Amino acid sequence: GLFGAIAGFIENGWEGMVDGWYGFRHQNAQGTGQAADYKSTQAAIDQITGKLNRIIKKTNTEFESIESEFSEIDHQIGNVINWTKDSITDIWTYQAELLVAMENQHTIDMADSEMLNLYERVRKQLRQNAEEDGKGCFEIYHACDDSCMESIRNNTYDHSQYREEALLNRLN
Amino acid sequence: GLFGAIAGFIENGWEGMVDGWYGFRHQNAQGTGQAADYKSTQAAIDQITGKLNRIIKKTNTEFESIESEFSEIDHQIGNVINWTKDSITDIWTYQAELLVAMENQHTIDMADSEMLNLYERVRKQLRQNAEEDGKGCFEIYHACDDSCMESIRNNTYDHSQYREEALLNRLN
Amino acid sequence: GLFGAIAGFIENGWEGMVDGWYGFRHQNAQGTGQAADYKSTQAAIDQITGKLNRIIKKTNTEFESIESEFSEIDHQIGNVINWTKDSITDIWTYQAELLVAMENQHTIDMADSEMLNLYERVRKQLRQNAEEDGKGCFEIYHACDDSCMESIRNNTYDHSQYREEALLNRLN
Amino acid sequence: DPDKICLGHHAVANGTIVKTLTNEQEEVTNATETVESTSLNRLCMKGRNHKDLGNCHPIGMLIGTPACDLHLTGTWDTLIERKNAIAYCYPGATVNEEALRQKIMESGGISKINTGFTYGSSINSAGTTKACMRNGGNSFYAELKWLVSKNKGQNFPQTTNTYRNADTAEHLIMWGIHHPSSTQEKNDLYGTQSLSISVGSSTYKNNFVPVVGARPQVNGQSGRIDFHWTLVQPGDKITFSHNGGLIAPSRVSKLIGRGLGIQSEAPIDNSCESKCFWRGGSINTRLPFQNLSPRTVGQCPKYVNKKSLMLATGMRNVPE
Amino acid sequence: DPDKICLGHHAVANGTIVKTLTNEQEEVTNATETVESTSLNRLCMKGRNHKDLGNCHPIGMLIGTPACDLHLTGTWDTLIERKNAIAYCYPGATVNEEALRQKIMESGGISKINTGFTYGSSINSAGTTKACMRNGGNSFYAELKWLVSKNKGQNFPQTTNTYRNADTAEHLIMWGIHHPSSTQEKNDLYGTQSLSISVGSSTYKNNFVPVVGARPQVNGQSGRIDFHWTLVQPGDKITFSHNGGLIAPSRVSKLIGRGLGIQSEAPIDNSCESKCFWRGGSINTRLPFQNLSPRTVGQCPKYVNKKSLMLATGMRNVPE
Amino acid sequence: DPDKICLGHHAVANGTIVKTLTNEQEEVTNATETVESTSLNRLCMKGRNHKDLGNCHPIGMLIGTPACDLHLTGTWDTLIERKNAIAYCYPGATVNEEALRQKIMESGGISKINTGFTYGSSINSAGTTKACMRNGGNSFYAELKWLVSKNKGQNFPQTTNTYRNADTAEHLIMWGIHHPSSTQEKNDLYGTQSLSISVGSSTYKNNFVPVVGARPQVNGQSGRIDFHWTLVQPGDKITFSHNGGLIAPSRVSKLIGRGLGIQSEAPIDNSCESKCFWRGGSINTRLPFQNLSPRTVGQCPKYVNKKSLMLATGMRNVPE
Ligand SMILES: CC(=O)N[C@@H]1[C@@H](O)[C@H](O[C@@H]2O[C@H](CO[C@]3(C(=O)O)C[C@H](O)[C@@H](NC(C)=O)[C@H]([C@H](O)[C@H](O)CO)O3)[C@H](O)[C@H](O)[C@H]2O)[C@@H](CO)O[C@H]1O
Ligand SMILES: CC(=O)N[C@@H]1[C@@H](O)[C@H](O[C@@H]2O[C@H](CO[C@]3(C(=O)O)C[C@H](O)[C@@H](NC(C)=O)[C@H]([C@H](O)[C@H](O)CO)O3)[C@H](O)[C@H](O)[C@H]2O)[C@@H](CO)O[C@H]1O
Ligand SMILES: *[C@@H]1O[C@H](CO)[C@@H](O[C@@H]2O[C@H](CO)[C@@H](O)[C@H](O)[C@H]2NC(C)=O)[C@H](O)[C@H]1NC(C)=O
Ligand SMILES: CC(=O)N[C@H]1[C@H]([C@H](O)[C@H](O)CO)O[C@@](O)(C(=O)O)C[C@@H]1O
Ligand SMILES: *[C@@H]1O[C@H](CO)[C@@H](O)[C@H](O)[C@H]1NC(C)=O
Ligand SMILES: *[C@@H]1O[C@H](CO)[C@@H](O)[C@H](O)[C@H]1NC(C)=O
Ligand SMILES: [Ca+2]
Ligand SMILES: [Ca+2]
């Protein structure tokens, strides 16, 4: 994908995560956890809502009958009408095929971008206290308890608190 | 947005900066400064100029009157004309709404991309001599005077000259 | 461009590289080398194939003649036909100009994205054993022989093997 | 040894295929349809002052065919024509038939105005036919009069009748011309002299010759009554110069405002609402496209040549 | 302790709302309009060899109505028709009126060619009317002659006139048929004989019988002169067989090249240029769309059902 | 000191310019054309049961002009009409000519059915002309008979002929009305009596008066034979009441199935296939657009006003 996050360096999605679109799994001494990210989930859903509002719509133009169902129309004007209607249908079929293809490409790449933007927000939070796994995980070079992990998710983690411990563990 | 820079990790824009679209603020012993980035500003403006050149245009096709303003047209052909004109207008209204929506999405995301690309160019210049703030700033781990700051903006900053000082200050 | 890789931090392309779209050059004690990346090349080609499949197509709609080549048509219906055909042609000309412009923008930015995604895959592999040059190269802080370089290209390079050597060389 | 925090996204076991610019078979977590395939075989007429003509053809309400007795006047915003609707009890055709029908179906009501026409004692204006039965007995079109002399075969007098439009809006006047099957039946109604019908207003002028010739029976009649019509402007008069064969109007028609004209076979449902209709029924979808019929009327989804177009409403589905 | 270098982007106090694929209310630093709402109530005719018909109706320049005397010939690239323009001084109608008008408005000039038609001593070709006044006194259409018997009541001679097209391009011939108001009037002008007008070419054939009957007065005349027209191909002849009631052409018309036909009420300005026109005036915008009128002519912005469509010309506006 | 690994992308010396949303002059590694400019000046007719009419006009196959003798019946899926194709040997026109031609070109075959029509001893049905020559001698349309009085000047008898459709599909009946050049000519052929031709079916009714008047010679004939046509539904009858001037059908036509109608001047090539045709020939492109002609028939690329539209098939070209 464009941004490399989804069907990219993240090997697969989580059927387990049913309370949001994007989120975190952590492991520490104390055990395991899972939590959805609201802000990034709602960002993706709001953008898709916006598309549905624009696309699920008809024109308010009133159209009258020009062909009769129950009688012959003049053969010459009948052929003109048939040629026009077929031409208009070819345009609308093309526009519909292009609209949905283009919007599908955007929806997929937008969702990829929201995943990457969350990963980058966390990378910059952890600063020198962690290293990139390569598969969307961060190896944290200090004791990070469930209160520490919650601080990472809530964007309140202060790197300077654990920096000295972390740099020692990293340099080894 | 797609690239996460504008309405993203950069918390807000600068009403102060009126001489360019993108730029730098620095703080050192010597005091404060502000300077716009030309190359990245002109890149964004050139791309928007290009759109206006393509979009602000009409077809050179000569159209004649088919309805009379001052006399009754045959009722049957009048209904055919009315159906055709209303169908063509529905298409052009749709195309116009889609063109501008799609181009607006691109303009916004393009401008975001130019911001990110500048930030990445600076990140790679500073190499191991600086660390990411998380809000679009770089904490530089050495004395950076107004001549040093100008070297970062002008893409002439050589990391190797301040490396030894910087790595010592970072490891502490 | 959008992703900054092509006509960006990579200064130019390689006319030398004729066996793929993206790839690697290395220099070590042992000498110089060049190799194309298959996975990333095929990813770009597959996406362009997909576009050509969608775009190189006509509708299967059968159209009949409504204008006669060899005789005069009624002047009133002739003017209606002329106005309709000119209106349909203006739409299809606009759609064709927009389709190709939009697809060209995407093709270029997609190819840029595949370059960046390869660079990021390698960055994360090398972890703390290398540093970013700024021009798309990685300075590797250990002895990397032709077998080591091949391991980087084949995504089998284990950072932990060379970590202690590399961190010593980097800190000096 | 070091604690780990992993980033990730949702997935589902049962994903949906959608088309993108680059990929025909792209699996995503959710999608919704943009093309309506389902129809309602009913005419959703809630919030609509509708009129179902049923057996009555729209032209029939202007001339007053037996089948159209309930539909001679009224106001509506929607008018529904059915298949094999009876325009004429007596065999015949209308000049610019399709133009007139389209005009009636566009309308939102019909008012009738008396022409006031009176006839001498020598003429009988109660002449009826077996083609148009009403109240068990022979009758005629309610808005026209067939009148003949007391002597069958006698030459029809060269009479002149004039209708004036006293109203501030244009009036639609219809009359008929009888075309006999043989020379015998041409002589018995209008006489031996050659028949000529002249119509004249400020904006309209035309001559009509009664054609006499053998032709097949329709509703057991070889004779034909073709209807003609024109608009009479406010304050203007229309003058009929005839020497027999002219079927004169008792009343003229006035079309009121605008309405939606539906040709369908589907039953009426007054519970559901709709703004889109076709031969097969109504289309109530919020969706922007449809593949039911290219012949639709009202505010409608656009017709496309596509079974389905799935719009992704979720990210790529990557399962474990 | 450590020095900082910060990256950022501009913002503005007064941002603009635009629509994107995903957001209806997106604030950006600048935007420009794509739909024109403003009109010019003038006809911008700079760099155009234009012809304002004013009081003259286009059909009038072929038959040569008094109002059209200045407009009987000449060349133009633009032709302007006005409201309530006069075509017929003497009351009458043209068969395929709209077809003929559209043909003239498409043209880029008119040339006249003399028919050469001469008449016997018994025929008077200088017949005039009070309905068509010229130089203060009674007159007639400049490109036609009213043929009547010299001696009141005398039978009109069976004359035959034939026009040949010597040119390499098609020529437009118009003639009229006079319809007298009374039997007495008919007899004084064309005699007691039954009237027949036969017209014949390789591509056209028709008979005309003058209808004679009382009718309301228009411009103080109960009589009617109805016009007919046809094209005469190069090298072909058209023959008029008549015994009275024919209004014969003195000259035939030749339409030259192509031109732009504008129906408008707006005054002319020779200072401004335009390629787009409508009833209400001109449209000079560089913008790609407009919501003034769906009835336009020339090279025009496309009509859309939108008050405004704002195109972002700057990044997201994120204020402090 | 340090080993390095560099990442990069291919380039080429000779790049291609393409247009993007933002840049008119963008250089890329490869591109392909989307608009076809090349034509084949031939009609690709492989896998097609085609019929080249050549000299024969489609209407001519129904009435049986000498030129159309080979083309009176048959089946096809493609029908090719040429320039200056002959429909009428004897001068005349067909009412709704264009409607009838379009109907024939839509068809996939013609069958003929005998009408069976018989005439009295006082009628001569073998009337021929020098305008329609066959086998060296004077002749007539193969599917019609010219009815004239056997004794010159004698009044034509009031005859009645009726065709019934015994078939399960609709039949196309054509007849002609002769228009004599002089009153003398009329009297010798059909007599002194006033002429009336009445045609009658369940769905069709019309009277025809032969117009008699002097007109130019076409193919050395001042007389005109104008054709009329209608569809006769299964089980229905059509009745001709005439007293002279009718050109009666010997056979009626039945149009079979569906076919593609091509008007072109280009030669036939039975080796190549195509689904798209125009005046100038065929269009075999897989490309989605074309700028050859807006007048095309079949499954066709859409016409655009563009010389070229280049679609990028590779990344930006940044050379060394
Ligand atoms: C057999 C006979 O000589 N006379 C009677 C027949 O009339 C009738 O058979 C049918 O006759 C039909 C036509 O008759 C009318 C009608 O429609 O009833 C008689 C009306 O008085 C006359 N009315 C008016 C206002 O003109 C009407 C009209 O002229 C025609 O409809 C115009 O075409 O004709 C018809 O021809 C049937 O096909 C025929 O069988 C029989 C049986 O009812 O009774 C006989 O006494
Ligand atoms: C000169 C002479 O005395 N006799 C012959 C002339 O008739 C002929 O000159 C032309 O005659 C034309 C009419 O000829 C036909 C025709 O169209 O060929 C002859 C047809 O047999 C007759 N057929 C029928 C069914 O009526 C046909 C028909 O009356 C008309 O077409 C009706 O409009 O007429 C015509 O009068 C020309 O003006 C004249 O030049 C010459 C020519 O070779 O031959 C003489 O033997
Ligand atoms: C074609 O459309 C126009 C407008 O939709 C119709 O014209 C209008 O008719 C009404 C009633 O006569 C007038 O009050 C309006 O002012 C007209 N509007 C315009 C813009 O002309 C017209 O009647 C339609 N034609 C047919 C044959 O249905
Ligand atoms: C040529 C000729 O005779 N012109 C005269 C006509 C006609 O005789 C008939 O009226 C037909 O309209 O009548 C007038 O009253 C008129 O119309 O102005 C006077 C005019 O001089
Ligand atoms: C329609 O357009 C063609 C090509 O521009 C032209 O030759 C033709 O005359 C036009 N027809 C009418 C009736 O204007
Ligand atoms: C990839 O390269 C490595 C490094 O030499 C090689 O040994 C291995 O066979 C390759 N891996 C796979 C899965 O083919
Ligand atoms: Ca057809
Ligand atoms: Ca034209």
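Atoms within each ligand, like the ligands themselves, are counted from 1 in listed order. Each chain gets a letter, A, B and so on, in the order the sequences are listed, and its residues count up from 1. All values below were derived from every heavy atom in this structure, side-chain atoms included, with hydrogens, water molecules and symmetry-related copies excluded.
Between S149(D) and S122(D), every side-chain heavy-atom pair lies at or beyond the 4.5 Å cut-off.
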Any protein N or O within less than 3.5 Å of an N or O in ligand 2? List each pair with its distance, or say none.
residue  : atom   : partner : partner atom : Å
ligand 2 : 17 (O) : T129(F) : OG1          : 2.7
ligand 2 : 17 (O) : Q221(F) : OE1          : 2.9
ligand 2 : 17 (O) : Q221(F) : NE2          : 2.8
ligand 2 : 18 (O) : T129(F) : OG1          : 3.4
ligand 2 : 18 (O) : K130(F) : N            : 2.9
ligand 2 : 21 (O) : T128(F) : O            : 3.4
ligand 2 : 23 (N) : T128(F) : O            : 2.9
ligand 2 : 31 (O) : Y90(F)  : OH           : 3.1
ligand 2 : 31 (O) : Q221(F) : OE1          : 3.1
ligand 2 : 33 (O) : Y90(F)  : OH           : 2.9
ligand 2 : 33 (O) : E185(F) : OE1          : 3.1
ligand 2 : 33 (O) : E185(F) : OE2          : 2.8

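By the neighbour-count criterion of 12 heavy atoms within 6.0 Å, atom NZ of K4(F) is densely surrounded, having more than that number from other residues, nucleotides or ligands. Residue-environment remark: CD (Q158(E)) exceeds the threshold of 12 foreign heavy atoms within 6.0 Å.
Shown here are the salt bridge (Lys or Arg N to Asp or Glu O under 4.0 Å) partners of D226(F), two or more places apart in sequence or in another chain: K205(E).
Under 4.0 Å from any atom of ligand 6, one finds heavy atoms of residues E150(C), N154(C), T156(C).
The salt bridge (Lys or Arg N to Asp or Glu O under 4.0 Å) contacts involving residues 133-148 of chain F comprise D69(F)-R134(F), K112(F)-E143(F), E143(F)-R251(F), where partners must be two or more places apart or lie in separate chains.
Ion pair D188(D)/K152(D) flagged as a salt bridge, since at least one NZ, NE, NH1 or NH2 atom sits closer than 4.0 Å to an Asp/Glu carboxylate oxygen.
When each of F227(F), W146(F), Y204(F) is tested with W175(F) by the rule ring pair (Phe, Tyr, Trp, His ring centres under 6.0 Å), just one qualifies, namely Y204(F).
The ring of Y141(F) has its center no closer than 6.0 angstrom to the ring center of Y88(F). Aromatic pair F140(D)/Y90(D): ring centres not closer than 6.0 Å.
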